[PDB]
There are 2 protein chains.
Amino acid sequence: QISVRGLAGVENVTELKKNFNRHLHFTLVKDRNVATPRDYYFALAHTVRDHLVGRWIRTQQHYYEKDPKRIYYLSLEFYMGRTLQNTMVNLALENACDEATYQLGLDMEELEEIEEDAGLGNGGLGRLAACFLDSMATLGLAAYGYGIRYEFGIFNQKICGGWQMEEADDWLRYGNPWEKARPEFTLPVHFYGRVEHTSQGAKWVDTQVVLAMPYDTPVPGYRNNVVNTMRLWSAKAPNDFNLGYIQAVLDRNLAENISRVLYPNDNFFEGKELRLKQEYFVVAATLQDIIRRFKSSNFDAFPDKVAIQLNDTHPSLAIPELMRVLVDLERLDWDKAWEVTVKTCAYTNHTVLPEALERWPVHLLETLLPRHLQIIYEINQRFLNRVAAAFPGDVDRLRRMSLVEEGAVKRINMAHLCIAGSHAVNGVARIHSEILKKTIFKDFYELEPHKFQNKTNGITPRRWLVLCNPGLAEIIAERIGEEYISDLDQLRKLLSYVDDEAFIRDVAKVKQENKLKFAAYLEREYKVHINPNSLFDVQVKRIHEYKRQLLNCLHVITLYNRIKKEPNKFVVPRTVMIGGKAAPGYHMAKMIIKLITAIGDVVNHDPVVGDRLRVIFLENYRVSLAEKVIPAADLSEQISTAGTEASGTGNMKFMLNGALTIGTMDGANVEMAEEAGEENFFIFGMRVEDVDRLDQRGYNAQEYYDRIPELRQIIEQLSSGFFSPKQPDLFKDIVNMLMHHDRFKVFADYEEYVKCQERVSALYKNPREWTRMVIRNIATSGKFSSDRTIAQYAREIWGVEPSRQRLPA
Amino acid sequence: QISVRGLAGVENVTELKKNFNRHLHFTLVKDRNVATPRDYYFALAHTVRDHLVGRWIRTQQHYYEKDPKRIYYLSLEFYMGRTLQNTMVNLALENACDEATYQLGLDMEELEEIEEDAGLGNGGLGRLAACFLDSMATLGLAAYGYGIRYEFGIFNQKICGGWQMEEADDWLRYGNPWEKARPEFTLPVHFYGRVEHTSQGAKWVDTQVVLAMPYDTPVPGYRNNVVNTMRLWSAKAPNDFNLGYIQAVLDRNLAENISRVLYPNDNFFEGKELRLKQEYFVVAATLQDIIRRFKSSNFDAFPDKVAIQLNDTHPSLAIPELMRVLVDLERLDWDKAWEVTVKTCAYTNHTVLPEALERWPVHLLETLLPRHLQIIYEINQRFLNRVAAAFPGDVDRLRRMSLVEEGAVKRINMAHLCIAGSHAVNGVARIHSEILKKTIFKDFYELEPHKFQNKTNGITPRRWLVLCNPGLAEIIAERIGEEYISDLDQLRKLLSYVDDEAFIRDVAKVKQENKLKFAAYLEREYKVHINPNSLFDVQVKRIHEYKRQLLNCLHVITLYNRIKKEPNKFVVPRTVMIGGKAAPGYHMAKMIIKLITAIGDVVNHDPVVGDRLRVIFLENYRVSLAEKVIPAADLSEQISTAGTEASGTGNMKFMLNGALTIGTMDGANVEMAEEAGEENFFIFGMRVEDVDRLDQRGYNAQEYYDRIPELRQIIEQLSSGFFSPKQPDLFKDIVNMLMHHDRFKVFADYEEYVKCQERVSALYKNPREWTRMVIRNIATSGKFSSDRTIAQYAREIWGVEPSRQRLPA
Ligand SMILES: OC[C@H]1O[C@@H](c2nc(-c3ccc4ccccc4c3)cs2)[C@H](O)[C@@H](O)[C@@H]1O
Ligand SMILES: OC[C@H]1O[C@@H](c2nc(-c3ccc4ccccc4c3)cs2)[C@H](O)[C@@H](O)[C@@H]1O
Ligand SMILES: *Cc1c(COP(=O)(O)O)cnc(C)c1O
Ligand SMILES: *Cc1c(COP(=O)(O)O)cnc(C)c1O
């Protein structure tokens with residue numbers, strides 16, 4: 001029906017229909033009389049997977065013949081979401097499958113809704129891994145995603161009495177048609193044991209064996225016929241394991257627990273052994289595979305044939321593990337193995353928040369990975385020997401830069417290990433990379449300035465434009481053609497349509513259609529009634545103090561209080577939608593969700609308010625909900641305290657999808673404002689420099705409470721039980737934190753935020769000038785393509801050249 | 001190549017080849033350059049499964065339309081073995097697949113060896129379930145096998161220093177292409193909780209929920225185009241289960257443990273809660289499914305539409321469960337629900353051994369199934385009220401017949417529950433059924449003589465002749481045609497070829513070919529060197545005292561001692577092969593394996609013996625090893641103490657496959673000897689009556705030790721460490737048991753056994769008269785077809801008529 005979804009040829013459609021009926025019969029063992037929508041989804045999935053197989057085999061073949069340099073993206077998290085629509089988009093089958101399914105009397109969109117999200121990630125970091133895989137396939141890189149096949153991904157969020165409840169995300173229950181088990185590439189991973197020192201070097205003995213069984217998922221490039229591989233490891237007991245008899249068999253579960261469940265902390269370190277086991281497991285199995293592939297072509301050439309990218313410190317053990325294999329198994333000398341390791345490894349840092357930094361107790365590494373701790377100590381000694389020689393007498397530098405932290409419990413600083421063991425260290429936005437060089441890695445920067453790079457984050461315009469917003473894709477494609485989907489900088493051509501009446505009307509119609517569609521999705525799936533003519537004010541992201549959902553809450557209560565004070569005055573109507581999961585043990589995050597829903601319970605049932613103000617908590621925010629709500633959004637809330645959001649990627653998704661941003665000069669907000677122009681961005685609040693000035697002299701929240709009557713009222717309402725009549729003190733922890741222990745200076749930005757939110761409402765009253773500013777945003781969003789990001793990784797870190805040339809079909 | 005394996009048409013072969021290449025590509029995602037033999041096996045499996053699908057769908061369809069009476073075979077055990085060859089045989093694809101694979105340059109026999117046994121059973125009982133499914137499909141009955149999909153079947157047996165080691169049978173590791181998950185027919189099973197009594201009857205509340213997820217495996221009939229279903233339940237945690245967060249997700253394993261592992265006890269009861277959970281799990285899920293199917297047609301008609309066969313007491317809870325559903329959920333009155341239950345249920349008893357009888361402690365049923373215990377108590381009261389009225393004043397009868405056993409711990413006699421709650425109770429051989437009426441169920445017989453039946457056991461001549469012994473099948477098919485494969489009584493026509501020289505030469509050539517093939521299989525897979533011209537003396541069955549492997553050991557040592565006494569005298573050379581698994585906690589069974597291997601270590605390395613006597617322990621005896629060794633056997637050892645082997649089925653397999661039987665008048669040995677004639681059977685030892693006479697006056701083993709010099713020598717050799725030089729006392733438990741606590745009277749049968757074994761050697765010296773006696777055995781083996789058994793169940797218990805008429809292809 002729309003051109004960017006591809007051709008529906010007569011043969012193609014006929015062929016899809018007969019393969020759909022073949023799979024319903026032979027694969028699902030159903031006839032049409034007893035098939036459920038879920039059978040129909042599976043038949044279609046199997047039918048689309050069949051178009052991947054030829055390209056997958058030819059691509060892996062082609063990498064064997066050409067033997068290019070291979071990129072290994074190691075991440076504990078791949079936030080993939082659904083695969084079916086994405087596969088159709090990249091193979092150009094979407095219209096043909098729409099037509100084929102329509103003729104069989106099925107609605108393809110209904111079948112798409114039956115696919116489980118692959119929720120093998122928490123948020124920003126995990127989703128960056130997924131966008132990267134898409135861009136590496138699209139840029140024809142010989143790239144492999146390596147991670148863990150968690151049986152349970154990020155938990156399903158139910159709201160119960162306005163409180164978050166967690167349910168196990170049992171995403172594999174009905175089968176995963178996208179994965180292919182490769183039991184024959186099963187590899188042993190070792191744990192515990194002890195080190196014997198012999199004549200012929202150190203030997204790791206009396207270990208417990210867990211098997212790593214790989215599952216391959218295809219990653220299709222955008223219409224280039226390239227299909228790369230995501231390999232995820234599953235933990236499996238060896239068959240001699242524990243082997244009274246019955247318990248031995250049941251205790252196999254202990255070993256398999258390693259790949260059972262994703263840790264649901266976003267920017268929070270928990271030093272749990274099971275987490276360290278997951279980290280070693282993925283590293284040990286992946287490095288054996290990388291080396292096996294390398295030997296099927298002397299380790300001087302290893303870094304010419306292998307790049308390993310570490311997605312944060314989560315796979316930092318890749319550095320000692322590569323040393324251990326090269327020194328203990330391959331018998332290279334220390335210095336040669338170390339050169340190979342540094343030239344192979346590169347480290348992406350994702351946060352500056354201290355509580356997020358991985359600092360593993362030594363006693364844990366001692367018991368679990370005895371040999372790795374020895375190699376870490378040896379790395380530390382040689383590293384501090386170079387610091388001492390470059391900065392003689394600077395003993396405090398030696399303490400600050402040590403991989404080993406002294407204290408009550410000794411800890412390994414995994415970030416320090418990553419910098420020492422990597423030829424390149426990057427942040428994920430220019431301001432973040434600058435903060436790394438000025439503050440937390442200042443000392444490492446001064447020693448090896450050449451290692452520190454910026455690679456500003458990006459999003460795949462395939463999932464985040466073509467797939468979630470076909471109507472916007474199309475009206476863009478009507479004026480400038482299709483080429484921008486793999487070259488997003490071409491969106492700049494839209495600046496010459498900023499005064500075109502037809503284009504202004506088309507941009508605004510698509511937004512209205514997305515809002516109508518989302519408003520309807522709310523009424524069906526969650527019996528809630530929103531005015532589609534309201535401004536859609538949305539904050540969707542994990543629930544964290546630093547992301548200041550609470551600042552948003554303060555604005556919402558301010559709007560409420562202003563309506564009640566002057567009931568009969570015009571206010572631009574808004575639907576305020578906030579959504580995110582809280583980490584299950586993050587008390588404050590769980591209280592913020594409860595406050596959000598408690599504001600809703602007051603605001604949405606006030607007769608005086610009407611449909612002028614609605615507050616909706618969006619339940620179970622995940623990738624597939626982001627594909628629906630982001631295209632429906634008018635205002636993107638990016639309101640982190642300056643210096644806390646390393647980058648953000650939500651900000652980019654919304655910029656691409658025709659929403660204006662209200663945000664701080666934080667993360668990639670800075671580069672977004674610079675691309676669009678500051679006049680096309682609702683910037684407010686402290687800069688990094690202002691927060692620093694507040695810290696030097698001390699943050700007194702009382703000062704703001706005492707000077708801002710509007711803010712005092714909100715705090716009194718919270719305290720006195722205006723929003724919690726049956727439990728008047730329900731929110732004392734929130735009030736108490738905002739008044740005495742606010743690390744994120746919520747009150748400091750309150751006034752500038754509310755004023756800036758008035759400027760938003762004013763622009764929204766003028767639809768034409770709102771839409772023109774939206775066009776200026778979409779048109780300058782090109783930089784924020786993960787294609788640009790990956791091309792920069794490739795040229796400046798991996799040493800490989802991207803390509804948009806097609807493989808043969 | 002051979003006619004009973006079907007036609008290899010040009011189109012059929014072309015079509016199989018192109019579907020094999022389609023599956024290698026689309027299903028396995030391999031090209032021919034990287035495929036392993038295991039990929040080739042999977043492609044073939046998928047290719048053969050594709051021929052099942054049409055017939056499976058049409059058959060289940062046809063049962064919906066015709067709505068026949070449905071048979072539900074409830075068993076905790078289905079000993080299926082491999083599915084690939086069996087599927088080819090019953091679909092007539094074997095020659096076509098041989099030809100199709102040959103042209104692709106593969107050997108189908110090599111690919112068959114890659115299939116894992118489905119070892120979801122211990123031995124006789126489990127394998128009877130598998131033969132029954134084959135016969136019910138072949139006789140066109142609307143029959144369903146219902147059991148548990150164990151993640152781990154019967155353990156893999158390694159021999160280490162002559163000792164049994166158990167390894168987990170991880171049979172699902174590479175996938176099972178034969179099963180189809182039906183997640184959409186998932187059902188809740190309840191545990192624990194408590195009973196509330198209301199106005200509207202009793203209510204089972206505050207239960208823990210385990211989900212039962214069914215997997216369907218096709219069961220093809222023999223060339224009738226019928227495909228029945230084996231439905232196996234897998235335990236699955238509900239997604240709210242336990243729902244700090246991480247442990248909650250890991251604790252899901254507790255619920256899923258229910259379907260994790262098969263209990264490896266053959267004829268031994270262990271009162272473990274996990275075993276009771278498995279028993280309720282399969283019963284609760286199966287009865288919900290049976291009732292759902294029944295309501296898709298008032299419970300008066302239930303027994304006209306439903307037969308439930310209980311394979312021993314393992315699913316006895318089906319009786320209280322059916323009462324609980326009918327009374328508590330469907331609101332029938334007690335008496336009407338009870339009539340329905342008795343008319344629906346039938347109980348097959350498999351053993352008289354007291355230690356095998358399921359006697360569940362009340363405290364276990366109290367905690368786990370509170371409501372079932374109440375219904376059991378109510379059944380007991382009404383049952384004993386009928387005993388009291390029929391036998392007034394006989395208070396001892398009341399104690400003996402009670403479902404509730406009094407004592408230290410109160411127990412439920414599950415066998416008593418089965419007799420009370422069933423319209424029919426059968427044994428599994430005529431002598432066994434007679435012993436049930438004279439001894440252990442005498443009282444139940446006197447009350448309800450009409451319930452007690454015999455159904456002599458049988459074996460499927462598809463797996464146990466056509467599949468394992470194609471060369472014997474063929475030479476039979478050359479003279480009398482193919483019709484006998486589904487009508488085994490036609491083998492009687494072979495009695496008119498008992499004096500045909502060509503047929504005598506053909507029977508003997510096939511035996512020699514089977515022996516050459518098996519001798520070679522030993523040399524390859526287990527580096528052992530047997531003379532193929534020796535008599536193949538084989539005892540294969542679970543290791544149990546009652547089966548008297550030890551009697552066999554005594555004969556073997558007797559032959560050894562006789563050779564050493566007269567080195568230079570001729571003895572018929574023998575290969576003595578003994579094989580079986582011991583239950584992991586069965587000390588004595590584990591000692592017997594060690595003795596067997598310890599005799600081997602002495603006998604096989606004695607230069608004076610030569611290749612005149614070899615002793616081989618056959619490692620990992622399972623269905624697929626039975627298919628190899630049984631066709632190679634000359635002498636079948638069936639030497640249980642009279643009254644202990646309820647039936648046996650091995651005995652039948654060997655009779656069918658051209659081996660002569662040395663055995664006691666025990667189990668179906670009696671009916672085999674009566675069919676063939678006693679002169680065509682090596683019968684020895686005590687009858688049932690003689691054992692009874694020995695018991696009355698007392699079994700003194702010393703008496704035999706004192707009168708049989710040959711036996712004294714063996715006992716002295718065992719005691720003094722002749723067979724265990726480094727541990728002289730290794731076998732003191734064996735000697736001590738044979739001398740003071742032999743329940744099975746091994747010495748009582750020793751003399752008559754050795755004499756009878758001399759008669760065997762004498763006949764073997766005359767090949768022509770040996771082969772003529774073999775023909776008399778094969779020719780009278782027809783009764784021992786599971787087709788006869790199932791036709792008798794159908795007409796005399798289930799009330800349905802078998803059919804050999806084809807469904808349309
Ligand atoms: O670069 C991609 C995005 O990364 C986000 C980030 N995620 C994380 C993150 C996630 C999961 C973890 C699990 C265990 C221990 C630490 C963890 C840290 C850190 S920083 C950052 O918070 C975002 O600013 C940024 O856009
Ligand atoms: O009828 C089929 C065969 O059944 C054999 C039998 N198996 C069993 C058997 C198996 C597994 C068990 C697991 C747990 C508790 C009790 C169990 C009993 C009993 S009797 C009998 O021992 C054989 O004689 C007979 O041929
Ligand atoms: C993009 C995305 C994120 C990251 O959003 P931020 O606003 O950068 O925190 C988190 N969750 C999901 C589901 C996403 O798609
Ligand atoms: C048939 C069979 C049995 C039963 O044999 P018996 O001699 O009756 O005990 C046990 N195990 C396997 C593998 C079988 O095929």
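Computed from heavy atoms alone, side chains included, the values below leave out hydrogens, waters and symmetry copies. Chain naming here is simple, since letters A, B, ... match the order of the sequence lines and numbering starts at 1 in each.
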Inset, instruction - Report yes if the side chains of A:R173 and B:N239 come closer than 4.5 Å at any heavy-atom pair, otherwise no. - result: yes
Inset, instruction - Considering only heavy atoms and a distance below 4.5 Å, find which of B:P238, B:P183, B:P584, B:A168 pairs most often with chain A. - result: B:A168
Inset, instruction - Using a cut-off of under 4.5 Å on heavy-atom pairs, state which of B:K236, B:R182, B:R38, B:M213 scores highest against chain A. - result: B:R182
Inset, instruction - Just give me the residue among B:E167, B:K180, B:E256 that pairs up with chain A most often, heavy atom to heavy atom, under 4.5 Å. - result: B:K180
Inset, instruction - Identify which part of A:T27 has an atom lying under 4.5 Å from any heavy atom of chain B, answering side chain, backbone, both or neither. - result: backbone
Inset, instruction - Report yes if the side chains of B:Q60 and A:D31 come closer than 4.5 Å at any heavy-atom pair, otherwise no. - result: no
Inset, instruction - Measure A:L52 against the heavy atoms of chain B and call it side chain, backbone, both or neither at under 4.5 Å. - result: neither
Legend entry - Heavy-atom check, side chain of B:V261 versus side chain of A:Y245, under 4.5 Å: yes
Inset, instruction - Please step through side chain to side chain contact (heavy atoms under 4.5 Å, CB included) for the pair A:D216 and B:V29, ending with a clear verdict. - result: CA-CA 10 Å; A:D216 294 351; B:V29 194; over 6 Å; no
Legend entry - Which portion of B:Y174 sits near chain A, non-hydrogen atoms under 4.5 angstrom: both
Inset, instruction - Check whether A:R22 gets within reach of chain B through its side chain, its backbone, both or neither, counting any heavy atom under 4.5 Å. - result: side chain
Inset, instruction - Would you mind telling me which of A:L274, A:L28, A:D39, A:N242 has the largest number of heavy-atom pairs within less than 4.5 Å of chain B? - result: A:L28
Legend entry - Options B:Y263, B:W56, B:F241, ranked by heavy-atom pairs under 4.5 Å with chain A, top entry: B:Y263
Legend entry - Any donor-acceptor pair under 3.5 Å from B:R49 side chain to A:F26 backbone: yes
Inset, instruction - Walk me through it: do A:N257 and B:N253 pass the test side chain to side chain contact (heavy atoms under 4.5 Å, CB included)? - result: CA-CA 9 Å; A:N257 284 340; B:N253 295 318; 3.0 Å; yes
Inset, instruction - Take A:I57 and B:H25 through the side chain to side chain contact (heavy atoms under 4.5 Å, CB included) test and state the conclusion after the steps. - result: CA-CA 9 Å; A:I57 290 173; B:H25 195 79; 3.8 Å; yes
Inset, instruction - Find out whether B:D170 and A:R252 are in side-chain contact, i.e. whether some heavy atom of one side chain is under 4.5 Å from a heavy atom of the other. - result: yes
Legend entry - Residue pair B:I246 / A:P264, side-chain heavy-atom distance below 4.5 Å: yes
